[PDB]
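For reference, the chains in residue letters:
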Amino acid sequence: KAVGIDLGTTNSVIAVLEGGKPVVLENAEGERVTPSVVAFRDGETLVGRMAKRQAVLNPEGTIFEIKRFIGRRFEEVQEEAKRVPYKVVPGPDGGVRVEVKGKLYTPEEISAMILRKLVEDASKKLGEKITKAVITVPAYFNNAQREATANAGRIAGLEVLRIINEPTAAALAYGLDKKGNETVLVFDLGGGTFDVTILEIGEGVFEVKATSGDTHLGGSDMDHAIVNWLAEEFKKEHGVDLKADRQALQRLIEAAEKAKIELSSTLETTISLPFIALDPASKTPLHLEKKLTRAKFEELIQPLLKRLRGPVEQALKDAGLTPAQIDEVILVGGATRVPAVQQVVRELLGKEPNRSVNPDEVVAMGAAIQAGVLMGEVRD
Amino acid sequence: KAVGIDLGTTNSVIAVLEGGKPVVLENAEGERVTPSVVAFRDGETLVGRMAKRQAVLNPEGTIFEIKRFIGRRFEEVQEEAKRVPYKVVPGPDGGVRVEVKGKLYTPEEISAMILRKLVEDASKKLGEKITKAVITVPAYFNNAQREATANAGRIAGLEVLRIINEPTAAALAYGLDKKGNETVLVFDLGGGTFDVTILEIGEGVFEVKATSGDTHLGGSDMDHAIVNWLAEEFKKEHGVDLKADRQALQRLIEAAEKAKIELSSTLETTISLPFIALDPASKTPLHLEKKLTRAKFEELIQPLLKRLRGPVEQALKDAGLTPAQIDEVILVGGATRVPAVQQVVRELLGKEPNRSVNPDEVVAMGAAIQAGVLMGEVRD
Amino acid sequence: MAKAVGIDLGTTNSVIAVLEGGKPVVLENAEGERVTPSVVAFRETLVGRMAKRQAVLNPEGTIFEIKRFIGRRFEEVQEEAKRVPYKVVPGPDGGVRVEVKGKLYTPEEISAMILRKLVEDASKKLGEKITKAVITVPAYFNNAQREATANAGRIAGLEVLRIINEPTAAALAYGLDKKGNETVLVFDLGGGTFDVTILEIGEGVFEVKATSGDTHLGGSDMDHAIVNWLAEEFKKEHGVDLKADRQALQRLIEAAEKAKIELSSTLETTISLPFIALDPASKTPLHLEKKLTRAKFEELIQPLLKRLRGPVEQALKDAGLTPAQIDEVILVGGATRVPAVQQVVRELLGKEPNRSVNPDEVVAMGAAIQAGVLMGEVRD
Amino acid sequence: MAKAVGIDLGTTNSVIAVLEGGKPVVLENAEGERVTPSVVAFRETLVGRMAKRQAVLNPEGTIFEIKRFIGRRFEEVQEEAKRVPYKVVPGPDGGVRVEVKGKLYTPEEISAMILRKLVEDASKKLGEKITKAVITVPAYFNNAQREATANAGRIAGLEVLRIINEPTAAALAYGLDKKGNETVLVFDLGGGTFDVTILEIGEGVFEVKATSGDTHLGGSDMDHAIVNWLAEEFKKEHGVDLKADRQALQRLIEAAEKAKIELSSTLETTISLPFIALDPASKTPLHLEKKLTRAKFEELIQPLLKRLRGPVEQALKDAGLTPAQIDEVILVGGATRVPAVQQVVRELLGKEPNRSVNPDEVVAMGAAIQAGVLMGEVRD
Ligand SMILES: Nc1ncnc2c1ncn2[C@@H]1O[C@H](COP(=O)(O)OP(=O)(O)O)[C@@H](O)[C@H]1O
Ligand SMILES: Nc1ncnc2c1ncn2[C@@H]1O[C@H](COP(=O)(O)OP(=O)(O)O)[C@@H](O)[C@H]1O
Ligand SMILES: Nc1ncnc2c1ncn2[C@@H]1O[C@H](COP(=O)(O)OP(=O)(O)O)[C@@H](O)[C@H]1O
Ligand SMILES: Nc1ncnc2c1ncn2[C@@H]1O[C@H](COP(=O)(O)OP(=O)(O)O)[C@@H](O)[C@H]1O
Ligand SMILES: [Ca+2]
Ligand SMILES: [Ca+2]
Ligand SMILES: [Ca+2]
Ligand SMILES: [Ca+2]
Ligand SMILES: [Ca+2]
Ligand SMILES: [Ca+2]
Ligand SMILES: [Ca+2]
Ligand SMILES: [Ca+2]
Ligand SMILES: [Ca+2]
Ligand SMILES: [Ca+2]
Ligand SMILES: [Mg+2]
Ligand SMILES: [Mg+2]
Ligand SMILES: [Mg+2]
Ligand SMILES: [Mg+2]
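Residues numbered from 1 in each chain as written, not as in the entry; some residues may be left out. Chains lettered and ligands numbered in written order. Heavy atoms only, no water. Residues with missing side-chain atoms left out of burial classes, pairs and counts.

Student: Give me the lowdown on the domain arrangement of chain A, citing residues and values where you can.
Tutor: Residue and element names in this part refer to chain A. Segmenting chain A into domains produces domain 1 (3-62 + 114-167 + 362-374), domain 2 (179-217 + 309-349) and domain 3 (219-302). Placing a centre on the C-alpha atoms of domain 1 and another on those of domain 2 gives a separation of 24 Å. With nine residues of domain 1 in contact, the opposing surface of domain 2 contributes eleven residues. Both faces combined, the contact of domain 1 with domain 2 buries some 670 Å², and carbon together with sulfur accounts for 65% of it. Among the residues domain 1 hides against domain 2, the three largest losses belong to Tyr140, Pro167 and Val362. Together they make up 57% of the total. (Domains from an automatic or database assignment. Contact = heavy atoms within 4.5 Å. Buried area = accessible area lost by both parts, 1.4 Å probe.)

Student: I'd like a rundown of the relation of the copies chain D and chain C, residues and numbers included.
Tutor: Between the two copies, chain D and chain C, the superposition gives an RMSD of 0.0 Å; the rotation angle is 180° and the shift along the axis is 0.0 Å. Expressed as an axis order, the relation between the two copies is that of a two-fold axis. Within chain D, the C-alpha atom positioned nearest to the axis of rotation is that of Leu374(D), 2.9 Å from it. (Least-squares fit on C-alpha atoms.)

Student: Describe in detail the domain arrangement of chain C, supporting the description with residues and values.
Tutor: Residue and element names in this part refer to chain C. Structurally, chain C comprises domain 1 (5-63 + 114-167 + 362-374), domain 2 (179-217 + 309-349) and domain 3 (219-302). Each of domain 1 and domain 2 was reduced to a C-alpha centroid, and the two centroids are 24 Å apart. Facing the nine residues of domain 1 at the interface are eleven residues of domain 2. Across the interface of domain 1 and domain 2, roughly 650 Å² is buried in total on both sides, 67% from carbon and sulfur atoms. The largest contributions to the domain 1 side of the interface with domain 2 come from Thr12, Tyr140 and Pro167, which together make up 57% of the buried area. Here domain 1 and domain 2 share zero salt bridges between them. Counting across the domain 1 and domain 2 interface gives one residue pair in polar contact. Tallied by class, the residues present in the side of domain 1 that touches domain 2 amount to five nonpolar, three polar and one charged. (Salt bridge = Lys/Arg side-chain N within 4 Å of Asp/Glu carboxyl O. Polar contact = N/O pair within 3.5 Å; in protein donor to acceptor, adjacent residues only side chain to side chain. Nonpolar A, V, L, I, M, F, W, Y, C, P; charged D, E, K, R; others polar.)

Student: Describe the interface of chain D and chain A, and please don't skip the residues or the numbers.
Tutor: Residue-level contacts link 28 residues of chain D with 26 residues of chain A. Of all elements in the fold, only β3 (23-26), α1 (49-53), α7 (246-262) and α11 (339-349) of chain D reach the threshold of two or more residues within the side of chain D that touches chain A. When grouped by side-chain class, the residues that make up the side of chain D that touches chain A number four nonpolar, eight polar and 16 charged. (Helix = DSSP H or I, 4+ residues; strand = E, 2+ residues; numbered from the N terminus.)

Student: For the site of ligand 2, give the residues involved together with the corresponding values.
Tutor: Residues and elements named next belong to chain B. The immediate surroundings of ligand 2 are formed by 18 residues, with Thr10, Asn11, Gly191, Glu257 and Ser264 found nearest. Take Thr10: an N or O atom from its main chain is 2.7 Å from an oxygen atom of ligand 2. In the environment of ligand 2, an oxygen atom lies 3.1 Å from a nitrogen or oxygen atom belonging to the backbone of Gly334. Contact with the protein chains hides 89% of the accessible area of ligand 2, taken as 590 Å² for the molecule alone. At the level of secondary structure, the elements contributing two or more residues to the shell around ligand 2 comprise α6 (219-238) and α7 (246-262). When residues of the shell around ligand 2 are assigned to their parent elements, the largest contribution, three residues, is made by α7. Among the residues making up the shell around ligand 2, the classes are represented as three nonpolar, twelve polar and three charged. (Near = heavy atom within 4 Å. Areas by Shrake-Rupley, 256 points an atom, 1.4 Å probe, with all protein chains shown as cover.)

Student: Describe the site of ligand 3, naming the residues involved and giving the relevant values.
Tutor: Residue and element names in this part refer to chain C. Lining the immediate surroundings of ligand 3 are 17 residues, of which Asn13, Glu257, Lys260, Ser264 and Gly334 lie closest. One nitrogen or oxygen atom from the main chain of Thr12 is found 3.0 Å from an oxygen atom belonging to ligand 3. In the model, an oxygen atom of ligand 3 is placed 2.9 Å from a nitrogen or oxygen of the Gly191 main chain. In the complex, 88% of the free accessible area of ligand 3, which totals 580 Å², lies under the protein chains. Secondary-structure elements contributing two or more residues to the shell around ligand 3 are α6 (219-238) and α7 (246-262). Here the element with the most residues in the shell around ligand 3 is α7; it accounts for three residues.

Student: With reference to specific residues and values, describe the side chain of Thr106(A).
Tutor: With respect to the secondary-structure elements, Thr106(A) resides in the loop between β10 (103-105) and α3 (107-126). In this structure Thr106(A) touches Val96(A) and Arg97(A), once residues within four positions along its chain are discounted.

Student: Outline the side chain of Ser111(B), supporting the account with residue identities and numerical values.
Tutor: Residue and element names in this part refer to chain B. If you trace the backbone, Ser111 turns up in helix α3 (residues 107-126). Taking relative accessible area as the criterion, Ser111 reaches 2% and is therefore assigned buried. Those residues in contact with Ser111, other than ones at most four positions away along the chain, are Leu7, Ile66, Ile70 and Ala152. (Buried < 20%, exposed > 50% of the residue type's maximum accessible area, 1.4 Å probe, protein only.)

Student: Lay out the sheet that holds strand β15 (residues 205-214) of chain D in plain terms, naming residues and giving numbers.
Tutor: Residue and element names in this part refer to chain D. In space, the four strands of this open sheet follow the order β15-β14-β13-β18, with mixed pairing throughout. Since the sheet does not close on itself, it has two edges, and those belong to β15 and β18 (328-332), each with one partner. Here the strands of the sheet are splayed against their neighbours by 20° on average, with no regard to which way each runs. Both strand β13 (residues 182-189) and β18 contribute to a ladder of five bridges, which runs parallel. For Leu185, the partnering residue across the bridge sits in β18 and is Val329. (Pairing = 2+ DSSP bridges. Axes fitted to C-alpha atoms, helices over the stretch in contact; angles between N-to-C directions.)

Given below as structure tokens:
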């Protein structure tokens with residue numbers, strides 16, 4: 001049975017066409033998403049959550065957001081390499097390599113580790129071996145990036161059936177290929193990137209009409225906003241700068257994202273990090289305990305919300321379209337669950353956005369739809 | 001652009017996937033159906049209505065219902081040949097041949113004439129040349145009959161894409177491939193044949209579960225019922241037996257079917273055949289003028305309506321199904337328009353039958369759907 | 001406990017339908033017809049086909065096209081009163097009355113009579129008395145005219161569940177509500193009116209962008225074009241002016257419409273009116289018998305076709321839309337069956353019209369769907 | 001002029017939703033939550049989360065699960081009255097009252113209070129006061145219980161447009177009404193009840209073939225299984241019986257539910273209750289801190305899973321159906337999010353459940369659709 005795979009910059013999702021319906025599969029960690037993170041520690045290499053859970057402690061051996069480099073040449077990525085803590089070096093071909101303890105990997109090899117783990121754990125969950133997949137890529141990827149992604153799947157031991165666009169995969173998952181003439185604005189906000197795509201769906205041609213976005217705007221920026229708030233409140237209370245202790249900083253990142261997620265369903269939550277630091281005078285343990293209201297959370301992220309408007313406006317103008325001429329706005333990415341993002345979408349386009357399908361599963365589901373179709377299997 | 005073609009035993013229909021929607025095309029005679037009739041007269045051969053309009057006058061050179069012979073061996077068809085007025089002879093292979101004035105044609109060659117005329121007139125209507133088609137056949141046809149039909153299309157100059165089942169084509173045209181799990185009873189009543197098919201639509205497999213029918217039950221039997229009524233009423237009034245004059249009989253067949261069709265939309269109609277015969281005593285012209293009520297029409301056809309039940313009951317039993325277990329009954333064939341047939345269907349299965357699509361166009365539309373799909377074109 | 005129905009109260013014909021087994025079914029009347037002429041005649045009182053069959057004979061006791069005056073004040077339909085053979089006088093209020101032999105009636109009372117026959121005859125097909133209905137009205141009707149139509153239903157003995165637009169009930173029958181956002185041009189040509197409606201179906205609503213049309217362009221005008229031709233050709237061949245005889249004119253009108261309906265599906269038909277007039281010199285009977293081809297029919301109705309351009313170009317201009325910006329064109333009204341009309345749409349809009357559903361039943365079918373859904377029924 | 005809403009009045013939680021832009025939107029309450037606990041507490045009067053957060057502290061002024069008594073007579077719920085901490089006395093009629101500090105209330109009045117908060121808080125998201133609603137009830141409710149639920153809405157100040165079955169509103173949200181005939185098993189597991197419903201959606205109706213379930217099997221029982229484990233482990237490690245302290249028991253209940261929700265998407269979570277009790281010898285504080293794995297969670301809740309077999313096998317037997325004869329199994333209720341539950345369905349029915357829509361919002365979403373359609377709105 002063929003599967004769909006969302007090779008995302010932050011998380012990856014696998015799904016399979018089961019009985020005409022896409023089903024997302026759990027990983028070994030019991031989670032429907034696998035972080036796109038590989039950790040090279042002194043021992044067995046870590047891939048997934050266990051890698052992301054130690055990324056602050058192991059900056060030299062943890063490779064994250066490798067998707068920003070896959071398929072590009074170094075002269076084009078010099079700046080983004082200055083923004084990463086791991087070593088990014090050019091290859092014999094002008095390519096990109098990651099150097100850990102002197103060893104050298106390609107972004108296709110790093111990506112292939114994430115893909116292999118997804119297929120391994122999914123094959124266990126399904127009780128059959130998975131060898132054929134459809135992998136998705138951002139609409140703005142070129143042939144080099146599409147082939148490099150296809151290579152990453154082959155290296156992981158997969159027969160790659162097709163490399164399709166993420167926004168198309170989303171439209172497939174929402175079934176907008178079955179509603180005649182649709183003009184779809186895909187509003188993709190994920191871990192680190194923001195992506196606006198305008199699709200002219202009609203007579204079966206998914207014609208991309210405009211792209212825009214923000215390559216450094218995502219849910220992790222909301223996370224850091226909480227982190228800086230929590231550390232400032234702790235320096236003021238105890239004179240301890242938790243951002244200087246990699247162990248305390250790693251728990252702040254972990255606790256911040258958890259509180260943000262809880263605040264997508266409720267008005268107030270409490271961050272509690274016991275034994276976070278030692279009191280400088282008495283050397284006794286210190287426990288962080290703060291309550292974050294959604295109201296404060298939204299004040300902290302407002303500059304991120306205000307930057308959503310630009311890409312949306314530019315994509316409309318680049319396509320010659322009015323908010324009124326958009327026939328459907330679909331929400332993609334785990335970060336569109338923030339109620340404030342949803343309101344921002346309403347205010348930007350004057351329409352109620354489709355939120356039927358899980359936003360962090362919609363790509364993987366559409367990709368699995370494509371897969372089953374290429375293999376004869378149908379939909380409902 | 002690929003087309004669908006219903007090579008029917010009485011009429012043939014052509015249709016094309018236009019803008020995601022099947023459109024049936026008119027022939028040279030401005031009619032959405034072309035009779036499956038070829039006439040070999042002393043001159044240019046007649047194919048279509050002009051052939052059917054002279055079939056009583058030219059019994060030796062008019063070939064009708066050739067579909068009953070296509071792809072079968074003579075030893076299997078000896079009896080049906082005794083039922084036709086034209087010569088049916090075996091070939092060097094045990095096949096079937098039609099002999100007109102000593103010349104010899106195959107049912108594939110006769111059929112190819114009907115198909116060629118359909119493509120010729122349709123190519124004029126569309127302004128582009130038509131070379132690729134999907135042709136349909138009864139579900140009970142074997143490989144010999146499917147290949148012979150495919151041959152008839154190739155002989156007509158067509159690239160045959162696929163030979164699919166008529167009931168599947170109907171289900172396609174009704175869109176029942178887009179309603180998950182459907183158990184469909186196809187109720188096909190056409191010119192001369194009655195066909196009941198049970199389709200297990202589910203997960204994309206159109207599994208035929210049962211077939212039954214009546215190879216000599218159709219709309220022409222209703223026509224003859226009117227004819228015998230009109231001739232008896234005319235013998236009683238004038239001592240003239242209009243069935244003995246091929247010219248008067250040809251007008252009775254033509255006028256009978258027209259009155260039947262009018263009585264599908266209204267309660268009463270008038271058959272008026274002026275100058276039909278000469279008065280035996282005075283040699284002056286005689287004019288037939290009778291009014292047929294739908295009530296009388298239904299009395300005349302009741303034995304045809306009562307024979308509908310058998311095949312339906314046998315197909316349910318052959319499939320192990322109850323009327324309640326049928327998920328949908330679709331009406332196929334120009335003859336299911338008779339309000340009495342529709343009531344008979346309600347009473348047989350206890351369900352309201354789907355009559356959305358034109359019953360004499362539903363096959364050709366589904367076939368054109370199949371065609372466009374094999375060629376990438378989509379639906380709405 | 002009873003089944004609610006939908007009713008198209010049209011200017012020329014009225015149609016009733018119900019939703020049986022999730023299926024929209026148009027019901028026949030006592031005369032076995034799926035359309036009931038919107039005509040009332042006082043001779044006994046006549047309502048429907050019988051009233052239409054003697055409309056030329058009884059020019060002042062026959063009320064027809066009452067929909068032009070319903071809900072309107074006399075001071076605004078004064079010029080339309082001068083165009084009808086029956087008496088139209090203002091009431092004590094600014095309203096509109098029709099005077100027949102001193103007896104006064106209102107547009108509501110006249111309409112209510114058409115409705116009562118529909119419910120009475122339909123109640124006998126279903127086996128139970130219909131009490132609730134959904135009645136349709138032109139999109140351009142005001143609240144006064146919508147109030148009046150609902151009143152005519154209450155007089156008839158109906159509970160009016162809702163008064164919805166005819167262009168909306170058409171899109172319902174065609175399922176456009178299940179295709180996200182669709183821009184739809186509704187091409188409505190009936191017995192005597194031409195109506196163009198542009199809809200944007202989406203965001204929960206049927207947004208009317210533009211309305212256009214011709215109040216005196218319809219299928220009846222094509223009828224008169226055939227009548228005038230037959231009358232002149234008989235003038236030319238026998239020196240008798242049939243249009244001066246109410247008995248012959250009545251037969252011509254009846255026959256012209258039938259020839260038209262036949263020339264929708266065939267290239268040639270024959271009009272036969274035996275004993276239509278007497279020779280002025282010989283006092284001997286004369287029989288009309290003329291064959292009419294579609295080509296002649298289409299040359300007689302050509303001036304009528306030329307008037308279809310204007311309203312379509314005005315609504316597009318009134319909406320800011322291009323024929324390419326129309327997603328779907330649906331065909332409504334008995335006149336849209338004429339092939340020359342469908343061709344005119346093809347040329348004005350560049351796309352093939354939707355004729356999947358009977359143009360004279362599609363509106364009543366939507367209203368049937370709107371009644372079932374308000375009664376907790378759903379479409380199968 | 002206003003927007004009508006749909007409301008799930010559930011045994012444990014209540015959900016409100018509306019149909020904005022043809023889209024079903026669940027609305028948050030004043031506490032920013034998409035579910036409002038069906039609890040009322042008199043201390044001031046408390047309704048919702050605040051009433052649930054002090055339910056262990058105020059055992060006799062807190063009314064919960066009032067849906068067990070609504071519409072029912074006292075002589076029939078006598079044994080269910082003995083199972084609750086608050087007073088349940090018979091009224092002057094055979095009805096049911098709850099006595100709190102001498103003050104009497106009815107199930108309708110208690111329910112009406114839950115409803116009033118939903119409409120009040122939702123009216124502030126929409127900007128207009130909601131006056132019309134569609135409220136859902138279990139398929140097994142009688143007219144008395146359906147009457148009572150509508151009365152509770154009228155007390156709340158609502159016009160009850162209709163009282164529809166929860167299993168029908170679920171199929172609406174899942175669009176099963178647009179798939180011809182579907183046999184659907186609705187697996188409903190909520191806070192405290194288990195409900196199995198077999199539907200045959202077709203022929204215009206939602207035919208209930210079988211109803212089954214467990215009145216005391218739900219998500220709350222999984223909560224108590226976690227509470228009892230924490231209480232015994234604390235007994236074992238500190239010799240303090242937290243279940244004897246209403247203040248600690250209240251915190252345990254609150255924390256056990258949160259750990260459960262986290263173990264729906266992860267393999268391991270930690271419960272942390274600082275300052276939960278005092279040492280009996282030292283009078284020094286004690287902090288609970290236990291990590292709970294899904295595997296332990298799934299072993300604690302295993303007896304609850306075993307009880308899911310019975311009702312499913314009884315409804316299949318009560319319908320004459322085979323797991324293979326079920327076309328679709330849809331997942332409803334907050335408890336169906338537990339992975340062990342979805343696995344149990346996979347095994348009992350042999351097919352993957354539909355979890356495309358949030359199991360705790362799907363019913364309110366259908367009711368939202370049923371309100372928009374009765375108000376002339378349609379789904380985008
Ligand atoms: N319920 C939620 N509420 C708010 N943010 C969420 C929620 N779930 C996930 N996110 C955030 O969304 C992001 C994950 O989105 P995803 O589509 O998986 O990323 P990517 O496409 O960048 O690989 C993370 O920043 C995560 O914190
Ligand atoms: N409106 C109608 N009412 C009744 N019978 C009709 C009507 N239209 C066509 N028929 C009859 O239906 C038959 C044509 O059906 P068709 O499906 O074209 O035939 P076949 O499948 O046998 O080639 C003829 O007997 C014709 O008289
Ligand atoms: N099959 C047909 N072919 C041609 N014209 C037709 C056909 N059926 C109906 N018409 C014409 O359409 C008109 C009736 O249209 P209809 O929708 O019933 O009217 P209205 O909506 O104006 O009340 C008549 O003039 C009739 O002659
Ligand atoms: N994500 C989740 N994971 C696990 N259990 C959950 C989740 N969400 C809700 N539940 C549980 O489901 C129950 C609520 O279900 P719900 O449908 O709201 O209740 P009801 O229909 O009985 O009023 C609670 O016991 C809650 O703990
Ligand atoms: Ca399925
Ligand atoms: Ca659309
Ligand atoms: Ca628009
Ligand atoms: Ca559009
Ligand atoms: Ca839309
Ligand atoms: Ca189209
Ligand atoms: Ca189905
Ligand atoms: Ca059934
Ligand atoms: Ca079934
Ligand atoms: Ca059905
Ligand atoms: Mg993503
Ligand atoms: Mg046929
Ligand atoms: Mg009309
Ligand atoms: Mg519930």
